[PDB]
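Below: the structure, in structure tokens.
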Amino acid sequence: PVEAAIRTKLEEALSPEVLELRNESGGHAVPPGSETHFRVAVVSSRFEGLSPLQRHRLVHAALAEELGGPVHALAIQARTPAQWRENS
């Protein structure tokens, strides 16, 4: 399932601390074995040194197949552990 796959792929790609994620694709008339449509939240030490928009544009342009490989539509939120530890 694409949530276990994107978990594994992002753990190979950007070395996470933490994730909270969901598929929305049970909302659509999509074929059996299809999970087209997705949401992610992520914490990683790889997301500091950056503006929030700057890092988002970096995942969206760099990692388009690494996020959206088996998923024809998805959205992210990307975070740092010191922000997540305190308040988000």
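The table that follows gives values for the structure above.
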read-out	value
Checklist (1) without any contact (Cβ under 8 Å) to a residue 12 or more places away in the chain; (2) surrounded by 16 or more Cβ atoms within 10 Å (Cβ to Cβ) applied to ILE6, failing item	(1)
Test: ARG39 is within 14 Å of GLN83 (Cβ to Cβ) and among the basic types (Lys, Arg)	no
Criterion violated by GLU86 - all others in (1) farther than 12 Å from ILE6 by Cα; (2) surrounded by 15 or more Cβ atoms within 10 Å (Cβ to Cβ); (3) not aliphatic (A, V, I, L, M) satisfied	(2)
Flag if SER34 is farther than 19 Å from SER15 by Cα, in contact with a strand residue (DSSP E or B) (Cβ under 7 Å, 6 or more places away or on another chain) and among the small types (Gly, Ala, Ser)	no
Residues (buried (at least 17 other Cβ atoms within 10 Å of the Cβ) and not aromatic (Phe, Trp, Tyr)) located in the range 24-58	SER25, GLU35, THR36, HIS37, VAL40, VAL42, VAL43, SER44, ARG46, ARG55
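One line per residue, one yes/no per condition, for (1) more than 14 Å from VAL2 (Cα to Cα); (2) touching a residue at least 24 places away in the same chain (Cβ under 8 Å); (3) in contact with a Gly (Cβ under 6 Å, 6 or more places away or on another chain):
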residue	(1), (2), (3)
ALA13	yes, yes, no
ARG22	no, no, no
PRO32	no, no, no
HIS37	no, yes, no
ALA61	yes, no, no
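Here is a yes/no grid of residues against (1) polar (S, T, N, Q); (2) within 17 Å of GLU17 (Cβ to Cβ):
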| position | (1), (2) |
| --- | --- |
| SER34 | yes, no |
| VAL43 | no, yes |
| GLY49 | no, yes |
| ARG57 | no, no |
| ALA64 | no, no |
| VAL71 | no, no |
| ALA78 | no, yes |
| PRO81 | no, yes |
| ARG85 | no, yes |
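Positions of Cβ are generated from backbone atoms using ideal geometry, with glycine treated the same way; all protein chains shown enter the neighbour counts. Any read-out appearing in this document is the output of simple, stated calculations on the displayed coordinates, not a laboratory observation.
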